[PDB]
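What follows is a set of notes on a single structure, which appears directly below.
In this analysis, Cβ positions are derived from the backbone assuming ideal geometry, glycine residues included, and neighbour counts consider all displayed protein chains. None of the figures in this text is laboratory data; all of them are computed from the coordinates on show.
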Ligand SMILES: [Sm+3]
Ligand SMILES: [Sm+3]
Ligand SMILES: [Sm+3]
Ligand SMILES: [Sm+3]
Ligand SMILES: [Sm+3]
Ligand SMILES: [Sm+3]
């Protein structure tokens, strides 16, 4: 109805404001319709997935050049690598999102995937490029909502 | 209308995201439709009520086993007891919510209510159990929204 | 429809809750429909405008006695002066909001506008009164959303 249009405006305004506050505080990064955020912790892959899901989100994963630079900037800011939301399929060499879908956008550091042993997980360098690796290292936890 | 369904979806998405960010940062705890939060201050009862109301909320009070454990976890995290949103009625022994209603859910430490003198307020131990007491101690301020 | 009224209620509730959390944490100040917030940085005027706009807001500017005291309180809290969202028009003596409109509400410290040289910007004293000045000083960044 009439009052309906009104209320919707106020709500939109408020959400924008709170999103502005968290942005200014640097506690979140908005890219398109994805929101990236970190609590500053550096734990292993399994642990990170828990944190994100516990918070209502998911371990972060870039699907576009812009989302990738957004996550890299957080990594750069904390001077630590980031574990991305993806693991290697059954047939080595290929990676898939946790939902099971196979990865589309990639940004491997020249030569990767390449490595010592299994290397089923993916870490992001502070420059944004990816490197496959083990899942037991301590990496900055970054989630997407 | 049509565009209406759309806008409602975006709004819901955004709220969820911001709520996810505050959860990940550990600045809030969501339980059912209640949100618990603390600013880390340790002040007396009167002071706590002011803080909560000033922030648009109310001094926290558990009404279910789950809300109780949620508040205890915050108490445990800060290693301090929490003053709950309740005071003793006119007739000693009984407690009521600040709205005037008489308490339903309780989780007294074995023996409580029991104590030295008046003990009109209620503090929560780090294990979740309650103990009645004075209202002038310095306790962690926790609010519910 | 029916379910519509329901969803609107939940949304309003959630927004209120998150706004309560940011208020309790002291990360934002709500005055009427304006939200003021600071990241604690002390940079020059140009830099401040960037921060605010980058966060989806604008450099703060009081338009009522209440908004003015709200900003002063933040200034008082950080013990630093605040650059306001306004610059001097083409004809010295008069100031305008960044949108181009000429200022309405003012709260100059007795004697101001008055000063050394150009003084095209406006800083707020910790008591709330304004003083015109250069735009290259390091002042607390405060944004409005
Ligand atoms: Sm490798
Ligand atoms: Sm492999
Ligand atoms: Sm007792
Ligand atoms: Sm008694
Ligand atoms: Sm001056
Ligand atoms: Sm001048």
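With the alpha-carbon atoms of chain A aligned to their principal axes, the span from lowest to highest coordinate is 63, 30, 27 Å, starting with the largest. Using the Cα coordinates of the stretch A:100-145, the gyration tensor eigenvalues translate into equivalent-ellipsoid semi-axes of 16, 14, 13 Å, sorted from longest to shortest. Computed over the protein assembly as shown, the percent of Cα pairs more than 35 Å apart is 45. Ranked by how many other Cβ atoms sit within 10 Å of their own Cβ, fewest first, the residues A:138, B:81, B:105 fall in the order B:105, A:138, B:81. Neighbour counts of C-beta atoms inside 10 Å place A:89, C:94, A:99 in the sequence A:99, C:94, A:89, starting with the fewest.
Look at C:139, C:54 and count the other Cβ atoms within 10 Å of each Cβ; fewest to most, that gives C:54, C:139.
Over all pairs of different C-alpha atoms in the stretch B:59-145, the reciprocal of the mean inverse distance, the Kirkwood hydrodynamic radius, equals 12.8 Å.
Annotation: extensible slack from residue C:64 through residue C:33 equals 9.9 nm (criterion: 0.36 nm per residue apart, minus Cα-Cα distance).
Once you reduce the stretch A:1-78 and the stretch B:18-57 to the center of their Cα atoms, the two points are 20 Å from each other. In degrees, nearest 10, range 0 to 90: what is the angle between the Cα axis of helix B:2-24 and the longest Cα principal axis of chain B? Roughly 40 degrees, rounded to the nearest 10.
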